[PDB]
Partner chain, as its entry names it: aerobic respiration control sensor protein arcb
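First, one chain by itself in structure tokens, the form deposited without its partner chain.
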């Protein structure tokens, strides 16, 4: 996949955004921007040019599921890859995220190798 693919990392904790950004860096993905919640994320995506979204499931104002649903309901962005991040895997959460269009989901904390495996699986499924 394109190493300059523009990523948007969404979470309400700057430290966790920093962790994800650093893990992406280690994998060769340096074109990264951040957002603090679902609404802030939607504004950034409005600007354009994004190619991948990594967002937490739990955020205030608009959570991961609502952000995903809006991205999927958007005309220009409906196919945008979205990797959901969560602290605890829950059966219903996984199905809800999948049925809402999530490209994948991963449980944190995670390593570079785990993030790389998730990205590659999504890239392969999507044909990227």
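Numbering follows the first chain given and starts at 1.
Beyond the structure shown, there is the form deposited with its partner chain bound, which is absent from this document and is the topic of what follows.
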Quick one: is residue 116 in contact with its partner chain in the deposited bound form, heavy atoms, 4.5 Å cut-off? no
Does residue 28 reach its partner chain in the deposited bound form, with heavy atoms at most 4.5 Å apart? no
Within 1 to 31, which residues have a heavy atom closer than or equal to 4.5 Å from its partner chain in the deposited bound form? 12, 13, 18
